[PDB]
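J.: Below you'll find the structure I mean.
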Amino acid sequence: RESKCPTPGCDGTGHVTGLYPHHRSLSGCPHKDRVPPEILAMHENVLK
Ligand SMILES: [Zn+2]
């Protein structure tokens with residue numbers, strides 16, 4: 001549910017290892033960079 005990860009920066013494609021049909025909500029997210037196009041967001045954490 002919910003939300004996802006798609007933040008203003010993140011794209012939501014390429015899960016944590018790009019081995020998934022995207023992530024749409026953090027569970028994956030292969031970026032991890034805090035800011036931009038990554039996972040910024042997630043919630044809590046950013047960046048990580
Ligand atoms: Zn993401």
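J.: I need the full set of residues from the range 34-48 which are farther than 15 Å from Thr13 by Cα and not hydrophobic (A, V, I, L, M, F, W, C), in order please.
T.: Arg34, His43, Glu44, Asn45, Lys48
J.: Just give me the residues in the range 14-36 being surrounded by fewer than 14 Cβ atoms within 10 Å (Cβ to Cβ) and within 19 Å of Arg1 (Cα to Cα), in sequence order.
T.: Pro21, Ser27
J.: Listed residues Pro6, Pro37, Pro21; which is without any contact (Cβ under 8 Å) to a residue 24 or more places away in the chain, part of a loop (DSSP other than H, G, I, E, B) and near the ligand (Cβ under 9 Å from one of its atoms)?
T.: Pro6
Neighbour counts are summed over all protein chains in view; Cβ atoms, including those assigned to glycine, are modelled from backbone coordinates with ideal geometry. Here, each number is a calculation from the coordinates, and none is a lab measurement.
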